[PDB]
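Student: Build me a model:
(8 chains, ligands or ions: 3)
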Amino acid sequence: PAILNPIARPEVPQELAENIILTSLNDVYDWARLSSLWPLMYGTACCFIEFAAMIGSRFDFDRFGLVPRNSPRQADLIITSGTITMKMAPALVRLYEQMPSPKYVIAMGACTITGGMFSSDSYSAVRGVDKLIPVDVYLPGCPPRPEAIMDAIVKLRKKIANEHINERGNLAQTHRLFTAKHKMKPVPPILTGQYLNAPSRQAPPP
Amino acid sequence: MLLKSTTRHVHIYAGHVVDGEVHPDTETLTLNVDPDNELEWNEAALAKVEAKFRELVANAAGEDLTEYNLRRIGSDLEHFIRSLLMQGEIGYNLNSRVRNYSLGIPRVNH
Amino acid sequence: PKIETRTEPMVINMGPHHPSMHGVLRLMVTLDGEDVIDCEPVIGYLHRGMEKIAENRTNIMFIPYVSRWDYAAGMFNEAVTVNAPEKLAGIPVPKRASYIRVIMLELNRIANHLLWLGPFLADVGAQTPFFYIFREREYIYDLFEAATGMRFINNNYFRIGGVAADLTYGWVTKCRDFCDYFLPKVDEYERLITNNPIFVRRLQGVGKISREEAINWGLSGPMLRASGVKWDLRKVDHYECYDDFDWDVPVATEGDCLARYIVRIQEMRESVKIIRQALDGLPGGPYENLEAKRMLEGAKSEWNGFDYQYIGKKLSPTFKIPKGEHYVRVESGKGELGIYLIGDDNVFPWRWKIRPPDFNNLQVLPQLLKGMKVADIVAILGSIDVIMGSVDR
Amino acid sequence: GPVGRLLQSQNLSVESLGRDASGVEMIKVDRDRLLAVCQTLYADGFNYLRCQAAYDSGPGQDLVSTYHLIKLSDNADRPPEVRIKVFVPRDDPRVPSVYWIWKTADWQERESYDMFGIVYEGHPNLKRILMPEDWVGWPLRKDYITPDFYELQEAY
Amino acid sequence: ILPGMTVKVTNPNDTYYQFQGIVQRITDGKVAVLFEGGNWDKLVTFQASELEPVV
Amino acid sequence: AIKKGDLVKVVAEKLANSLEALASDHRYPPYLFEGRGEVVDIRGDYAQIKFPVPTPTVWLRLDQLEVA
Amino acid sequence: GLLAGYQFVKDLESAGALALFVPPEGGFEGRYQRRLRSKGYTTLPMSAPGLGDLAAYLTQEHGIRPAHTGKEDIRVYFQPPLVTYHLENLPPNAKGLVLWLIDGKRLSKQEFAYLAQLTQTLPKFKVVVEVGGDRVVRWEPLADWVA
Amino acid sequence: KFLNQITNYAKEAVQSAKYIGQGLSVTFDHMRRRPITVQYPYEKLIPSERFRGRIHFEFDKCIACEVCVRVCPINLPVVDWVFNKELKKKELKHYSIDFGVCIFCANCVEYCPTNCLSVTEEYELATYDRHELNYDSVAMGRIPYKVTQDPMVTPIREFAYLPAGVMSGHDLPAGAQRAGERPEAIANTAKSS
Ligand code: SF4
Ligand code: SF4
Ligand code: SF4
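Tutor: Residues are numbered from 1 along each chain as shown, chains lettered A, B, ... in the order given. Ligands and ions are numbered 1, 2, ... in the order given. There you are, the coordinates:
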């Protein structure tokens, strides 16, 4: 109750290394994971259309090594592109977590870092993706100039270089987990096929 | 199939983790408080979170097993964690990772 | 590790994470041996609450929301949200601001058809036209960024009494240069496609609705006009500055993907025919000559009258839209956008509604998949110009 | 009005609200004989809907199901463009479905149901397209109290 | 040049050629011209040598 | 009497037994009774209430309120 | 260059405030930040386009007023200083607290001079500023580059 | 019956080969046309005279009208005033905009009477944290960037600022102007015959 939301004052600090033959190899490691970030084609709204224009030929992002990839597993980056409603959010955590561990995030737009215009009087928007996953770089602006995304990638590339190779302990999950028996009466799934084969579509009632 | 509530630093499921799988059982309700290490946990405050979860499932739940309800539980836990993190029991990790203040910046309580 | 085959129809999920542009959309589809019986399309992944946000937001406060329904063309809906309270108050609109409205809005139609065309071909094979449209559709971005501030979407260039801001100096002859540069290139596309067999053999006769079967399901846009129906609200409703131009409303009759493609690609030429015919008829011409002729003598002359101004009386944020309900509509690329507005007496509306064309057009996804294939789905889904942002209401 | 005097001769009467600032007329077709009026109009070449969703007349009085109708002749001039309104009580009741007379009512009525609580007696796939199907609350009513979800609060 | 003083631009190698605008702020030799015109007021930093203190 | 500076507090009980609470969910927000309900509109007999959390307004009536 | 030792750390410990003229790609500067972290220094970049007087955010205690959106009428938070709080939240064996600023072009001469003078006072504290530019990563004392 | 089938077969084959070679020649023609790519960090693009980037702010011209909040779609800008008692003046004590929330509709800029609140051509906003985007009164003026005055940039004009007939903006003379005359020149031309 003196400094709210405080910092924790760690001990046993980091035990970094200092030899040159390892830190040059660390520079190569970071340069390699750096200059070949492979995004995930994750589109939800006009931020994706600006990302599509970023793919284009007025200014690509194929240079400094970015290949738009379709699956998470091969990917390295979610340029979060659009609004995250409360019905697609687990379909974003299940894309982020379902991905290899040295992975990064960019949050383009204002509808996905505070909810933007939908940060008020909306009842189905997530007011910030930073309360779903660890955002690594923020860039503002509903539709931002897609060359601003390349500013964000510059700013992300000078953060991949800010990493170290004997520091990958801050890259896993601890899984502080529990269990609890309950009683909440499971219901059947009402979400199946049966859109035209249902009896009520082929049946004017009496 | 699973019915989960995946916010940040609260992930709730409806199965039993055997070694890393989940195996939905319809009655175990696991939890995975703060996997990404946004916060630095003690032995006491974490037990308070555990007890909040236990007396929030059993004490008030007698209706269906929708994701709506688990999402509501996750919201109550993510507000309880604000309370613990404001009062000053736990704090941010400070490590050389992201350091994005999802919950809040530090105040002084004037 | 394996899956235990059985003699039953297979259910597969084409989830939110499409590897494409056609919004985020589920299609829980059930198939009988690389066929399709039906599918439950679980849309809803992009409901953020427009129709209840539009009740604590006055007109000028809400108009930037409006351009997020059709992410491709954010002026077919700014125009409608303008026209809705504009009719109740009976605010006269000039010919200049309405010709500007026509020009910019039809230019957005061009953009919309291009953004339909790109992923329509990417899902149907090669990616090169996706790169050839953002080589070309990127010029109207610069046009808009000159006239309005931002590019595709978020312009918020339109206002109730007309248009917010008069044009820039060198906009008109440059739009003419674009108009002249475009027609040689809609032909280069037809050199690269429209006869390539590996393309046209992919979508010969997939999808079809009859005339009257496309009217129960109300497929208001080109889908309704790609089945033998001469009907467009630019002509039958006498939208603002029309009957002053030449017209050739395209129609096909096959009802299939060719009947949509040919209609869209002829529309994206008829649109240029409108634009070239509008620039030669402004009340004032280019803003350069207009402002010069005003300042030369016309501190009182007829080149400063109401019909030559870009707006009537500029309004406050307390316009206080009057009472009385009505339904406005506009024929966009996907089809008929519509707004059922009511109003009580105050700045905040009462039941703002959106009637998007994509919603009704996307109703009939499964009928078009009444036993076709698993791999000719995207060819059909890419035909409507589905923008899931236009299904948030 | 013209449509009013027309279907008055078809032996079923409905109120008249006048016109709505565009030449369109409005009639309060009642709940029970709604399908009969709709079938007479579809017989008299009203084959296209153009909107269906609803509005709330206020917090306590009653709901509405505002339809809209049109003749839709090919290559036409300004058509008649009528609509009809169905006041329904608040707590329990509902309306019938017009899906079988003419379509466009499937997902439109499904979302009106989703956002206002208007059941549609005789509607297939009467589910929630928006608003995850496990949801509860009937959002767009004037009296709706949202939950205290964590992803709805702030970027505090 | 000093604040509050309207100016214009004399630089054919600049898109803001021959626009009149009011100076807003001056720091470290570069002056922020404010182009009251159109609808949205625009603000841009020009060097003192690109300008011409019109009356 | 309800005038110029005083905020409101939904009470507990006149809300969910009077045939008009059936829209929203049975259980209630943990921001239930905190006296922050700022004065925004009254339509003769109706009330409109903010609830200062960016999640939309609500239209209530006489029986459901107290002034703190 | 293609390989560099720790002379950057010596230059920084000597001058107190350097100014990087890295290229506009942001790929060949974080390694020097690593070389600093490989010694015991701890970093905090906080993106100068967003810093104010730079005497209220670094030395003194200032008032941040968050975004109200019609809801939650105006309120302050009073976050503590950025340089007397992280400097006290160091580990035990901490050599100092370096300070990185990504976009330095947007700032002015006065606060460059202020950050330079602030290295001597408040001892365990150093500064670096990424003023974009040259096609080879070279640096210069920040007391220089001004006057 | 059978020979005609083989002839139609060969005809389909030849037409397919021809329509493939057509696109072949097209793509082989596109690989001499100059790239329209904009090599951004070294070849940045110049924004227009109406682009809406970062908001500006002066502290001396504000009079605390609260129009900025009453007009923003979401009531964003945090005006804070105290009303000193000399006669009536509202004293402006603090002013901020969270650019992680701002939408860049610039209605704020549009309705500020004092010409205090303007748009800048800064589109290069980004942080590692969103509590740094909350720009203060002394961090909103801050004298924007001006792309051209950058020693390591080759600026490019966009399609509305290129000479008539010109389409790209890469290899241009050093005296190019937009399309046509300004109205001042037209007026002084008509006045002088
Ligand atoms: S931030 Fe802007 S561009 Fe991105 S989704 Fe929201 S409205 Fe669209
Ligand atoms: S609109 Fe202008 S004068 Fe009014 S509060 Fe904002 S900055 Fe100050
Ligand atoms: S740009 Fe729009 S959202 Fe931002 S401060 Fe101005 S009016 Fe408000």
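Student: from here on, contacts and neighbour counts on C-alpha atoms
Tutor: Noted.
Student: How about the contacts made by the residue nearest to residue A:108 when sequence neighbours are not counted?
Tutor: Leaving aside its sequence neighbours, residue A:108 sits nearest to residue A:139 (CA to CA, 6 or more residues apart in numbering or on different chains; 5.4 Å). Taking CA atoms under 8 Å, 6 or more residues apart in numbering or on different chains as the criterion, residue A:139 is in contact with A:106, A:107, A:108, A:109, A:148, A:149, A:152, H:100, H:125, H:126, H:127.
Student: and the third one, backbone torsions?
Tutor: Okay, so that is residue A:108. phi -90, psi 140 (degrees, to the nearest 10).
Student: The closest residue to chain F within chain H and residue C:332, how far apart?
Tutor: The nearest approach of chain H to chain F comes at residue H:74, 10.0 Å away (CA to the nearest CA). For residue H:74, the distance to residue C:332 equals 28 Å [CA to CA, to the nearest Å].
Student: Burial check on whatever residue of chain G ends up closest to ligand 3, number of neighbours?
Tutor: For chain G and ligand 3, the shortest gap (CA to the nearest ligand atom) falls at residue G:69, measuring 10.0 Å. Residue G:69 has 24 neighbours, counted by other CA atoms under 10 Å in any protein chain shown.
Student: That one reaches residue F:55, doesn't it?
Tutor: No. With contact defined as CA atoms under 8 Å, residue G:69 does not count as touching residue F:55 (10.8 Å).
Student: what residues do these two have in common as contacts?
Tutor: Common contact partners of residue G:69 and residue F:55 (CA under 8 Å, 6+ apart): residue A:120.
Student: residue contacts, the residue lying closest to residue G:38 once chain neighbours are set aside?
Tutor: The shortest distance from residue G:38 to any non-neighbouring residue, by CA to CA, 6+ apart, is to residue A:16 (5.3 Å). Residues near residue A:16 by CA under 8 Å, 6+ apart: A:166, A:167, G:37, G:38, G:39, G:40.
Student: Can you give me every residue that contacts residue C:189?
Tutor: Listed by CA under 8 Å, 6+ apart, the contact set of residue C:189 reads residue C:129.
Student: ok, now residue B:60?
Tutor: If you count contacts by CA under 8 Å, 6+ apart, residue B:60 has none.
Student: Could you check how far it is from residue B:76?
Tutor: Distance of residue B:60 to residue B:76, given as CA to CA: 12 Å.
Student: which residue sits farthest out from the middle of chain E?
Tutor: Residue farthest from the centre of chain E, counting by CA atoms, centre = their mean, is residue E:39 at 17.4 Å.
Student: and the closest residue to that residue other than its chain neighbours, how many neighbours does it have?
Tutor: Sequence neighbours aside, residue C:165 is the residue nearest to residue E:39 in space, at 5.6 Å (criterion: CA to CA, 6+ apart). By the criterion of other CA under 10 Å, residue C:165 has 18 neighbours.
Student: touching chain H at all, stretch C:275-293?
Tutor: Yes. Contact of stretch C:275-293 with chain H (CA under 8 Å from any CA of the partner chain) involves C:288, C:289, C:291, C:292, C:293.
Student: now do stretch E:17-32
Tutor: Yes. Stretch E:17-32 is in contact with chain H by CA under 8 Å from any CA, via E:25, E:27, E:31, E:32.
Student: How far off centre is that stretch?
Tutor: Relative to its chain's centre, stretch E:17-32 lies at 3 Å (CA atoms, centre = their mean, to the nearest Å).
Student: contacts for that stretch?
Tutor: E:2-11, E:33-36, E:43-48, G:108-109, H:143-144.
Student: Out of the residues you listed, list just those in helices.
Tutor: Among those, the subset assigned to helices under DSSP state H consists of residue G:109.
Student: doesn't residue H:143 make contact with residue H:57?
Tutor: No. Counting by CA under 8 Å, residue H:57 stays clear of residue H:143, with 10.1 Å between them.
Student: Now do the strands in chain A.
Tutor: Applying DSSP state E to chain A gives strands spanning A:77-81, A:104-108, A:137-139, A:176-178.
Student: of the ones you listed, which approaches residue E:55 most closely?
Tutor: Closest approach to residue E:55 among those is made by strand A:137-139 (41.9 Å; CA to CA).
Student: Do the closest one and ligand 1 come into contact?
Tutor: No. Counting by CA under 6 Å from any ligand atom, ligand 1 has no neighbours in strand A:137-139; the shortest distance is 10.2 Å.
Student: mind checking how far that strand is from the chain centre?
Tutor: That offset, for strand A:137-139, works out to 11 Å (CA atoms, centre = their mean).
Student: before we move on, what about stretch B:96-107?
Tutor: Here the centre of stretch B:96-107 is set off from its chain's centre by 17 Å, with CA atoms, centre = their mean.
Student: so how far is residue H:115 from residue C:158?
Tutor: Here residue C:158 is placed at a distance of 22 Å from residue H:115 (CA to CA).
Student: now residue C:24: how far from residue A:69?
Tutor: Applying CA to CA to residue C:24 and residue A:69 gives a distance of 17 Å.
Student: Residue D:151 too?
Tutor: The gap separating residue D:151 from residue A:69 is 29 Å, by CA to CA.
Student: same check, this time on residue B:43
Tutor: 42 Å.
Student: same check, this time on residue D:56
Tutor: Between residue D:56 and residue A:69 the computed distance is 46 Å (CA to CA).
Student: near chain C at all, stretch H:42-62?
Tutor: Yes. Using CA under 8 Å from any CA, we find that stretch H:42-62 touches chain C at H:48, H:49, H:50, H:51, H:52.
Student: Kindly present these as TSV, with separate columns for distance to chain A, secondary structure and neighbour count.
Tutor: Converted to TSV, the residues of stretch H:42-62 next to chain C look like this (distance: CA to the nearest CA, whole Å; DSSP: H, G, I helix; E, B strand; the rest coil; neighbours: other CA atoms under 10 Å in any protein chain shown):
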residue	distance to chain A	secondary structure	neighbour count
H:48	12	coil	24
H:49	15	coil	25
H:50	14	coil	25
H:51	10	coil	26
H:52	10	coil	28
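Student: which among these gets closest to ligand 3?
Tutor: Of all the residues of stretch H:42-62 next to chain C, ligand 3 sits closest to residue H:52, with 8.0 Å by CA to the nearest ligand atom.
Student: wait, what's in contact with that closest one?
Tutor: When the contact criterion is CA under 8 Å, 6+ apart, the partners of residue H:52 are C:149, C:150, H:104, H:105, H:106, H:119, H:120, H:121.
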